[PDB]
Amino acid sequence: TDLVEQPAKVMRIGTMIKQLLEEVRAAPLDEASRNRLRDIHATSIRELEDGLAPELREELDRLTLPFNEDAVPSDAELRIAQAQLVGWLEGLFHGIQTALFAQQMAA
Amino acid sequence: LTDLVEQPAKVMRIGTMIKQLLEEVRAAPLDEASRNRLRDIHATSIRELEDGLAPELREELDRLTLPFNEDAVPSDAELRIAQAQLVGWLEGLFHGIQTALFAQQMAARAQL
Amino acid sequence: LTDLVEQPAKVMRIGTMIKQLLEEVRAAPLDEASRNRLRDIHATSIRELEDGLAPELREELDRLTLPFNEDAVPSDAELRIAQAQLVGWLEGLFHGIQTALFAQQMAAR
Amino acid sequence: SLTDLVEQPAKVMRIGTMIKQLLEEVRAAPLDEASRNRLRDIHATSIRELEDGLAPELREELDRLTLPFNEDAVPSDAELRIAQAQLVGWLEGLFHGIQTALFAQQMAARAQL
Amino acid sequence: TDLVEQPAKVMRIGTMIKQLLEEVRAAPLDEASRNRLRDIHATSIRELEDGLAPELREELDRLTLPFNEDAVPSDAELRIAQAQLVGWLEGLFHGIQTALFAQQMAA
Amino acid sequence: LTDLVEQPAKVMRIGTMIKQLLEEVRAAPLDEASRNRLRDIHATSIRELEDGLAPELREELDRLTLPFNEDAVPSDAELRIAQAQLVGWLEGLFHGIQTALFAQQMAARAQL
Amino acid sequence: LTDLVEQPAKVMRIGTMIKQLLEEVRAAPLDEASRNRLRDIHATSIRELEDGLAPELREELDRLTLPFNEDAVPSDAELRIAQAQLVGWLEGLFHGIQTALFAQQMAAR
Amino acid sequence: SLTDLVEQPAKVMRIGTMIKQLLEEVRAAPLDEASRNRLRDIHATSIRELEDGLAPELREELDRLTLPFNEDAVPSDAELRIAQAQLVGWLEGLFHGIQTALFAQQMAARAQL
Amino acid sequence: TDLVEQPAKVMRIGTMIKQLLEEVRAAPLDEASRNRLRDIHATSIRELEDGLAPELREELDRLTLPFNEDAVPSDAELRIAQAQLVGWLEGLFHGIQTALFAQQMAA
Amino acid sequence: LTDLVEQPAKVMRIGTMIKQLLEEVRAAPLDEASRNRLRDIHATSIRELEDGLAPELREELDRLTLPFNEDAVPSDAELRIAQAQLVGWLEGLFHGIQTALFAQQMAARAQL
Amino acid sequence: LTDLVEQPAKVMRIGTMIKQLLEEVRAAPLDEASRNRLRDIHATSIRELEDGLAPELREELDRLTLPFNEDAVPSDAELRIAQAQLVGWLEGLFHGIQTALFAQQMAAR
Amino acid sequence: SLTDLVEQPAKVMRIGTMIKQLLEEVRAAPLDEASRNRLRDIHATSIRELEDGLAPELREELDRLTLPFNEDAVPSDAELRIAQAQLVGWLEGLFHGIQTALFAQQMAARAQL
């Protein structure tokens, strides 16, 4: 559990990303909303980094490449980036949950 | 702590208001006036949440949210993103405070 | 502080009235006369709600709602936004007093 | 108490069920002129009968919330659906009110046991 | 229960009206069947009156206005009139049933 | 009483016959001959019911039902109304006699 | 008086035969030859039913049914009416003897 | 008794199941001439085999109820569906008959206990 | 049970026929597959005969007429022939099963 | 006996292979090469089954199955028939060996 | 003789890989590059399976499978056949060792 | 043992869940060029991270089974779906393997009781 330094924060950022991801698959987006959405992706990765152990900051950094800060990504590109985050986070927490369940069994 | 939400009832109330409005925007297309009104609601509702959260969460929410351009009317898409961001963030916030409360129930189950 | 809702029965019935109207607006398109009627109902029902709430929640509601422009007839969308705002805000209010009350039931249990 | 807010519960409940059934009927299919007049008049008389069965405070609350129809014009399907939908919701709330009352008596009258 | 003098009769007239109402919503009607149907509405209100206490005869009378006996009403008008009766009757009997249930609890 | 149906088996039998025929008319459109036949069935079936009911119900049913014009063929709609009237009236009649029978079962539950 | 149905097995199987044919007529349109065939079956099956019933129910059935005009071939509709009449009348007959018999089971219980 | 009305129950049941399955097959899709002839002949032989397995009274009842097909013409999908549907219903009733019989023995043979 | 001399064999031939019957109702067939299918019907009746008592060999023979060995039958004709077999077999086994169940009750 | 399947695991394995392939042919239309391959699979798979069955079943299966023409490519229909024949025959074969096994379980239930 | 599958974990994961790919081919049409890729995967995965099986089952598999013609790119259909062959053969293999193992569980019970 | 085939189970599981979610996303809707490049690169880096968390034998098995993408061309929706589908299936099998392992320990550690 020592991999996730602030579990509450990482959980809520993840829930935000998953909810936004549900929205992009809801309908096509226009220029401005995809602008907001690249920006939100940037800031939300920063917040996640704050809440993770160093090796995971660096793992996530190896797996994710940022968006062109001057260019507007497509619905597809946004959907890939956010789907990656959501999947990585859910795997992270099935990890900490098989751990917690292991402790439940130890006691 | 659960002490991060200084006024939990208020934050729950703003949150369900926003979730209900998001469901309405996903219900049918909107016109000029209703989009403008909905922008204004988004602004004041982030202000109320700020009132109801600990400083760390005021400044986190502030880092994650960008206000709308006050001279232009946002699109249906832009509004859905803004409010969806809020809704997801809040639902995560309360799965947090609920992991805390449930931990307390199990501690008191425990010492017996 | 369940003392935030001073007249719970009244607030509940106004809430059910507004919710039922919202379902009607989403049911079918409206004409001028019915949209004016519903505008008027929105105004008076906000006033009844104010009557039934503690001052701080009256003032919160006031910060959250802008009345309608009486120089125009609002669109179905604008009405749907206003009433949806009310409905969600009310349901959140009662999930609050409900988690509180159930907590008291546990205190007594 | 709160049950003394509704002076004649049997009457209020049956008027309410009448209005609910007609609301469902109006949403069932479009209406003609004659049906819209009958339905407006039913709306009027049913508000009067409902008034008869409520406490003064709810008589005047309902009055503050309801506006009569224009009698020189025949209202549209839209106005009628609004009028009756308002009634249905207001009554539904009224009875979750008295319903929380009766349940409250049930809880007191086991609490003493 | 003193409001409904002959409960069996009122129940069967009501079941007749409700069944006819289901039929009008089943398909559009022609002239002759709408003629029969206004007439049945008239006679069935008479029969109901026979089975109700005076104040309810008068209440129902205040709420219902008869059809033009020389003119043929539309499917819509018939459907309104009969829906009114059905709703009023069902409310009447949820009344007598909350009463009977109250007696069940008293004993 | 339950003594209002002098021959209960017979009335149940005419009733299910009529209900089955109503279901057939709602099944598909009819032609000249089948509408005529169905008119005749309606007539004789009201006569059989009269045989099986107490006088008060003979005369009530008579007040509620109008016979068909014997020289003209009724429409599909007119037939559905006539038979639907009968079916609803009968179903109400037997929820009556069943409220009686059930009352009897509870009385005998009771004195024990 | 379960003695109204003198041969219950026979009446039951004729009843199931007629019901199954009714389902076939509602299944698809028919031609002349099959509609004549079904007309003939209707006649003979009414005669077998008569054989299996008490006199008063034979005479009731007779009052309720008019035979087919043999100078024409009936339409699918006319056949459907006649057989539906039989089926409903039979099902009512057996809900009668069934409420009676179950009542006897209770008398013995 | 009533079970002695069906002299060979195994045979009657299997002929019956055969006819039921073909009825379902005919309603499955339209048929050609050759299939209609095979199916008419199956109808004939199956009535004869069925006769072999029933009491005389039911042999003659079935005969009063069934007419053979016209052998100089090939019957239509319609006539065949009628013929086999008649058989299926008649047999279904026959076995609710013997079924009420067996259940009757079950009730006697607990009644004495 | 003395009517079915080799129950395992008759059961598997029957399962084969039923499975093939499901296939013909699956899609229309071409010339060659209907050729194979008449032939399979012939040989499968032979195999069934091997597994049945004489009176049933003769009963089945009375009820079934073979295909023209030089002509190709239609999807419909094949479907009739195989549906007959399937139905006859299922009836045969509801027979032997009501028998076996009867023995279960005897003991 | 259950001793008619000399190698039961092998026959089950060939059988599920064939059933899976039948499901694929019913999934979508096939081209030249895939039909040819599937013909070859049918041939070798009957050979493997022969290896795994008692002589009586080798010769029965041989009486019931006709090989494909080795110079021509069978149609989608012809392949579905061939494999459906196999699948049905095998499923019947194992409801047989299962009626045997279940009989054994009941015998051992029995002598106790 | 559970000793027929020498490395059960490896055979199981290769099996799940192939099954998942089969679902992908049935999901949508493919282009040249992806059909060549899947051809290559089919070859190497047969080799890994061989590594994990007893000799007689290697040789059985070899009798049952013909490799792909590398002079052409196979069609979606041909790939679907080859992989379906593998999947069915594998599922049958494991229903075998599973009925055996469950039988042992009963021997010990 | 078999659980020692996966040296870092937490890491391998989360990389696997990441790849599964992206596979579902690609099948959700068609992709553009930029998305296909991001997705190819994600495929590369995720294979490297996955390697880090497996035993050498599975590192080299996975390598025998996977071919990198052509870096001078951008792969199609088809190639990407194949590549990631292969990964997903291979990992799913890997974990039913270690899953049968853990369950095996559960059975030994009641067997001695």
# chains A, B, ... in the order shown; residues from 1 in each chain; ligands from 1

call {"tool": "residues_around", "arguments": {"residues": "residue B:74", "least_positions_apart": "2", "cutoff": "9 Å", "atoms": "only C-alpha atoms", "output": "PyMOL selection string"}}
result
(chain A and resi 32-33) or (chain B and resi 35-36+39+68-69+72+76-79)

call {"tool": "residues_around", "arguments": {"residues": "stretch 18-27 of chain H", "least_positions_apart": "6", "cutoff": "6 Å", "atoms": "only C-alpha atoms", "output": "compact mmCIF listing (two decimals) with N, CA, C and O atoms, in the first residue's frame"}}
result
# COMPACT_ATOMS: atom_id res chain seq x y z
N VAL H 88 -53.51 -33.78 -33.58
CA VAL H 88 -52.72 -33.38 -32.42
C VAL H 88 -53.63 -33.01 -31.26
O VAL H 88 -53.46 -33.50 -30.14
N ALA I 83 -38.03 -35.04 -39.92
CA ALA I 83 -38.91 -34.68 -38.81
C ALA I 83 -39.75 -35.88 -38.38
O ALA I 83 -39.97 -36.10 -37.18
N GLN I 84 -40.21 -36.68 -39.34
CA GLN I 84 -40.93 -37.90 -38.99
C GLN I 84 -40.08 -38.79 -38.12
O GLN I 84 -40.52 -39.25 -37.06
N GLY I 87 -39.56 -37.31 -34.54
CA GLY I 87 -40.76 -37.42 -33.72
C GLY I 87 -41.05 -38.84 -33.29
O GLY I 87 -41.34 -39.10 -32.12
N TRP I 88 -40.93 -39.78 -34.22
CA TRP I 88 -41.20 -41.18 -33.91
C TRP I 88 -40.25 -41.68 -32.84
O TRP I 88 -40.67 -42.35 -31.89

call {"tool": "residues_around", "arguments": {"residues": "residue E:34", "least_positions_apart": "3", "cutoff": "9 Å", "atoms": "only C-alpha atoms", "output": "NGL selection string"}}
result
(:E and (29-31 or 37-39 or 72-75 or 78)) or (:F and (77-78 or 81))

call {"tool": "residues_around", "arguments": {"residues": "residue A:7", "least_positions_apart": "3", "cutoff": "9 Å", "atoms": "only C-alpha atoms", "output": "list in words"}}
result
residues 1, 4, 10, 11, 12, 51 and 52 of chain A; 96 of chain B

call {"tool": "residues_around", "arguments": {"residues": "residue A:58", "least_positions_apart": "6", "cutoff": "12 Å", "atoms": "only C-alpha atoms", "output": "ChimeraX atom specification"}}
result
/A:3,45,48-50,52,64 /L:49

call {"tool": "select_by_dssp", "arguments": {"residues": "chain B", "states": "alpha helix (DSSP H)", "output": "PyMOL selection string"}}
result
chain B and resi 8-25+32-52+55-64+76-110

call {"tool": "write_last_selection", "arguments": {"atoms": "C-alpha atoms", "output": "compact mmCIF listing (two decimals), in the first residue's frame"}}
result
# COMPACT_ATOMS: atom_id res chain seq x y z
CA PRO B 8 -20.79 17.85 4.14
CA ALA B 9 -24.54 18.40 3.73
CA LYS B 10 -23.94 21.51 1.62
CA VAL B 11 -21.43 19.79 -0.67
CA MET B 12 -23.77 16.83 -1.16
CA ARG B 13 -26.55 19.30 -2.02
CA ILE B 14 -24.56 21.29 -4.60
CA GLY B 15 -23.35 17.99 -6.01
CA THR B 16 -26.77 16.45 -6.60
CA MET B 17 -27.89 19.75 -8.13
CA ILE B 18 -25.01 19.59 -10.62
CA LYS B 19 -25.59 15.89 -11.38
CA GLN B 20 -29.27 16.58 -12.09
CA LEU B 21 -28.34 19.45 -14.45
CA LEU B 22 -25.81 17.27 -16.29
CA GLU B 23 -28.57 14.71 -16.79
CA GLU B 24 -30.75 17.48 -18.25
CA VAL B 25 -28.09 18.65 -20.73
CA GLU B 32 -28.67 30.41 -26.23
CA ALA B 33 -30.36 31.56 -23.02
CA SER B 34 -30.35 28.18 -21.26
CA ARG B 35 -26.64 27.70 -22.00
CA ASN B 36 -25.88 31.14 -20.60
CA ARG B 37 -27.88 30.45 -17.42
CA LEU B 38 -26.18 27.09 -17.06
CA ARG B 39 -22.76 28.75 -17.32
CA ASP B 40 -23.74 31.12 -14.50
CA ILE B 41 -24.95 28.19 -12.38
CA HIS B 42 -21.60 26.46 -12.91
CA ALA B 43 -19.77 29.54 -11.64
CA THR B 44 -21.84 30.10 -8.49
CA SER B 45 -21.92 26.38 -7.70
CA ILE B 46 -18.11 26.15 -7.69
CA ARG B 47 -18.16 29.16 -5.34
CA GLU B 48 -20.55 27.37 -2.95
CA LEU B 49 -18.43 24.21 -2.99
CA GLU B 50 -15.38 26.32 -2.16
CA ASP B 51 -17.31 27.55 0.88
CA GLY B 52 -17.92 23.95 1.94
CA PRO B 55 -8.44 24.76 2.08
CA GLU B 56 -6.52 21.89 0.47
CA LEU B 57 -9.61 20.93 -1.53
CA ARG B 58 -10.50 24.51 -2.45
CA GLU B 59 -7.06 24.87 -3.99
CA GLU B 60 -7.10 21.39 -5.58
CA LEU B 61 -10.50 22.00 -7.18
CA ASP B 62 -9.17 25.40 -8.28
CA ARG B 63 -6.14 23.75 -9.92
CA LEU B 64 -8.43 21.30 -11.78
CA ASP B 76 -23.44 22.12 -25.10
CA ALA B 77 -20.25 20.05 -25.29
CA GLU B 78 -18.16 22.46 -23.21
CA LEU B 79 -20.82 22.56 -20.49
CA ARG B 80 -21.09 18.76 -20.36
CA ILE B 81 -17.32 18.52 -19.87
CA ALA B 82 -17.26 21.15 -17.13
CA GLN B 83 -20.10 19.58 -15.14
CA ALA B 84 -18.97 16.00 -15.75
CA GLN B 85 -15.61 16.97 -14.31
CA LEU B 86 -17.33 18.30 -11.20
CA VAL B 87 -19.62 15.27 -10.82
CA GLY B 88 -16.83 12.71 -11.14
CA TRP B 89 -14.58 14.62 -8.77
CA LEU B 90 -17.35 14.82 -6.16
CA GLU B 91 -18.30 11.15 -6.44
CA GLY B 92 -14.64 10.27 -5.88
CA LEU B 93 -14.51 12.69 -2.93
CA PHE B 94 -17.39 10.89 -1.21
CA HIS B 95 -16.15 7.39 -1.93
CA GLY B 96 -13.20 8.74 0.04
CA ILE B 97 -15.15 10.03 3.03
CA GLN B 98 -17.15 6.79 2.90
CA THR B 99 -13.98 4.66 3.03
CA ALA B 100 -13.21 6.69 6.17
CA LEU B 101 -16.63 6.24 7.79
CA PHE B 102 -16.65 2.52 7.00
CA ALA B 103 -13.18 2.24 8.54
CA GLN B 104 -14.62 3.79 11.72
CA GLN B 105 -17.52 1.28 11.82
CA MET B 106 -15.05 -1.57 11.53
CA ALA B 107 -12.79 -0.19 14.29
CA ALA B 108 -15.80 -0.15 16.63
CA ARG B 109 -16.80 -3.63 15.46
CA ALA B 110 -13.19 -4.44 16.28

call {"tool": "residues_around", "arguments": {"residues": "stretch 11-14 of chain L", "least_positions_apart": "4", "cutoff": "6 Å", "atoms": "only C-alpha atoms", "output": "list in words"}}
result
residues 88, 91 and 92 of chain A; 50 and 53 of chain L

call {"tool": "write_last_selection", "arguments": {"atoms": "N, CA and C atoms", "output": "tab-separated table (two decimals), in the first residue's frame"}}
result
chain	number	residue	atom	x	y	z
A	88	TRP	N	-5.06	1.91	-16.13
A	88	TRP	CA	-3.89	1.82	-15.27
A	88	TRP	C	-4.29	1.99	-13.81
A	91	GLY	N	-6.18	-1.11	-12.49
A	91	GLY	CA	-5.22	-2.16	-12.18
A	91	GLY	C	-4.46	-1.88	-10.89
A	92	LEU	N	-4.06	-0.62	-10.69
A	92	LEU	CA	-3.37	-0.22	-9.47
A	92	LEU	C	-4.20	-0.58	-8.24
L	50	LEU	N	5.98	-4.61	-18.97
L	50	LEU	CA	5.55	-5.97	-18.68
L	50	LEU	C	6.74	-6.92	-18.56
L	53	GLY	N	8.47	-7.07	-15.20
L	53	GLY	CA	7.77	-7.75	-14.13
L	53	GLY	C	7.59	-9.25	-14.24

call {"tool": "residues_around", "arguments": {"residues": "residue D:86", "least_positions_apart": "5", "cutoff": "7 Å", "atoms": "only C-alpha atoms", "output": "list in words"}}
result
residues 17, 20 and 21 of chain C

call {"tool": "atom_distance", "arguments": {"atom1": "atom CA of residue A:86", "atom2": "atom CA of residue B:27"}}
result
25.8 Å

call {"tool": "atom_distance", "arguments": {"atom1": "atom CA of residue D:39", "atom2": "atom CA of residue E:76"}}
result
10.7 Å

call {"tool": "closest_atom_pairs", "arguments": {"of": "chain G", "to": "chain H", "cutoff": "7 Å", "atoms": "only C-alpha atoms", "output": "JSON lines"}}
result
{"residue": "G:9", "atom": "CA", "partner": "H:97", "partner_atom": "CA", "distance": 5.1}
{"residue": "G:12", "atom": "CA", "partner": "H:93", "partner_atom": "CA", "distance": 5.8}
{"residue": "G:13", "atom": "CA", "partner": "H:93", "partner_atom": "CA", "distance": 3.6}
{"residue": "G:14", "atom": "CA", "partner": "H:90", "partner_atom": "CA", "distance": 6.3}
{"residue": "G:16", "atom": "CA", "partner": "H:89", "partner_atom": "CA", "distance": 5.0}
{"residue": "G:17", "atom": "CA", "partner": "H:89", "partner_atom": "CA", "distance": 3.8}
{"residue": "G:20", "atom": "CA", "partner": "H:89", "partner_atom": "CA", "distance": 5.2}
{"residue": "G:21", "atom": "CA", "partner": "H:85", "partner_atom": "CA", "distance": 5.9}
{"residue": "G:24", "atom": "CA", "partner": "H:82", "partner_atom": "CA", "distance": 6.9}
{"residue": "G:30", "atom": "CA", "partner": "H:78", "partner_atom": "CA", "distance": 5.7}
{"residue": "G:31", "atom": "CA", "partner": "H:78", "partner_atom": "CA", "distance": 6.6}
{"residue": "G:33", "atom": "CA", "partner": "H:79", "partner_atom": "CA", "distance": 6.8}
{"residue": "G:34", "atom": "CA", "partner": "H:79", "partner_atom": "CA", "distance": 4.6}
{"residue": "G:41", "atom": "CA", "partner": "H:65", "partner_atom": "CA", "distance": 6.5}
{"residue": "G:44", "atom": "CA", "partner": "H:65", "partner_atom": "CA", "distance": 6.5}

call {"tool": "atom_distance", "arguments": {"atom1": "atom CA of residue E:23", "atom2": "atom CA of residue D:30"}}
result
17.1 Å

call {"tool": "decode", "arguments": {"residues": "stretch 49-61 of chain F", "atoms": "N, CA, C and O atoms", "output": "PDB file, in the first residue's frame"}}
result
ATOM      1  N   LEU F  49     -78.142 -15.445 -19.909  1.00  0.00           N
ATOM      2  CA  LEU F  49     -77.801 -14.791 -18.650  1.00  0.00           C
ATOM      3  C   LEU F  49     -79.050 -14.403 -17.869  1.00  0.00           C
ATOM      4  O   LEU F  49     -79.134 -14.639 -16.656  1.00  0.00           O
ATOM      5  N   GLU F  50     -80.019 -13.775 -18.539  1.00  0.00           N
ATOM      6  CA  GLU F  50     -81.286 -13.479 -17.879  1.00  0.00           C
ATOM      7  C   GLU F  50     -81.824 -14.714 -17.166  1.00  0.00           C
ATOM      8  O   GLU F  50     -82.220 -14.644 -15.993  1.00  0.00           O
ATOM      9  N   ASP F  51     -81.830 -15.864 -17.855  1.00  0.00           N
ATOM     10  CA  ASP F  51     -82.266 -17.095 -17.191  1.00  0.00           C
ATOM     11  C   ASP F  51     -81.487 -17.368 -15.905  1.00  0.00           C
ATOM     12  O   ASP F  51     -82.051 -17.856 -14.922  1.00  0.00           O
ATOM     13  N   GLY F  52     -80.195 -17.051 -15.885  1.00  0.00           N
ATOM     14  CA  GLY F  52     -79.384 -17.406 -14.735  1.00  0.00           C
ATOM     15  C   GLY F  52     -79.198 -16.368 -13.637  1.00  0.00           C
ATOM     16  O   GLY F  52     -78.359 -16.577 -12.755  1.00  0.00           O
ATOM     17  N   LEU F  53     -79.905 -15.241 -13.667  1.00  0.00           N
ATOM     18  CA  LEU F  53     -79.717 -14.177 -12.686  1.00  0.00           C
ATOM     19  C   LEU F  53     -81.004 -13.905 -11.914  1.00  0.00           C
ATOM     20  O   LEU F  53     -82.111 -14.166 -12.399  1.00  0.00           O
ATOM     21  N   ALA F  54     -80.844 -13.332 -10.717  1.00  0.00           N
ATOM     22  CA  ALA F  54     -81.987 -12.914  -9.912  1.00  0.00           C
ATOM     23  C   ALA F  54     -82.735 -11.788 -10.621  1.00  0.00           C
ATOM     24  O   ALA F  54     -82.173 -11.110 -11.483  1.00  0.00           O
ATOM     25  N   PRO F  55     -84.017 -11.577 -10.282  1.00  0.00           N
ATOM     26  CA  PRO F  55     -84.794 -10.535 -10.981  1.00  0.00           C
ATOM     27  C   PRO F  55     -84.132  -9.168 -10.969  1.00  0.00           C
ATOM     28  O   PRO F  55     -84.111  -8.484 -12.006  1.00  0.00           O
ATOM     29  N   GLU F  56     -83.558  -8.765  -9.832  1.00  0.00           N
ATOM     30  CA  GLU F  56     -82.926  -7.451  -9.754  1.00  0.00           C
ATOM     31  C   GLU F  56     -81.817  -7.306 -10.789  1.00  0.00           C
ATOM     32  O   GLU F  56     -81.639  -6.228 -11.371  1.00  0.00           O
ATOM     33  N   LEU F  57     -81.073  -8.386 -11.043  1.00  0.00           N
ATOM     34  CA  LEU F  57     -79.984  -8.332 -12.010  1.00  0.00           C
ATOM     35  C   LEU F  57     -80.472  -8.477 -13.440  1.00  0.00           C
ATOM     36  O   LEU F  57     -79.880  -7.875 -14.341  1.00  0.00           O
ATOM     37  N   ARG F  58     -81.529  -9.258 -13.678  1.00  0.00           N
ATOM     38  CA  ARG F  58     -82.150  -9.232 -14.996  1.00  0.00           C
ATOM     39  C   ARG F  58     -82.496  -7.799 -15.367  1.00  0.00           C
ATOM     40  O   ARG F  58     -82.093  -7.301 -16.423  1.00  0.00           O
ATOM     41  N   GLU F  59     -83.200  -7.097 -14.468  1.00  0.00           N
ATOM     42  CA  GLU F  59     -83.674  -5.763 -14.818  1.00  0.00           C
ATOM     43  C   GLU F  59     -82.544  -4.732 -14.826  1.00  0.00           C
ATOM     44  O   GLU F  59     -82.586  -3.789 -15.624  1.00  0.00           O
ATOM     45  N   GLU F  60     -81.517  -4.897 -13.989  1.00  0.00           N
ATOM     46  CA  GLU F  60     -80.343  -4.028 -14.095  1.00  0.00           C
ATOM     47  C   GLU F  60     -79.619  -4.209 -15.424  1.00  0.00           C
ATOM     48  O   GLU F  60     -79.339  -3.230 -16.132  1.00  0.00           O
ATOM     49  N   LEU F  61     -79.270  -5.453 -15.759  1.00  0.00           N
ATOM     50  CA  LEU F  61     -78.647  -5.733 -17.047  1.00  0.00           C
ATOM     51  C   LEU F  61     -79.498  -5.192 -18.188  1.00  0.00           C
ATOM     52  O   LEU F  61     -78.970  -4.642 -19.160  1.00  0.00           O
TER      53      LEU F  61
END
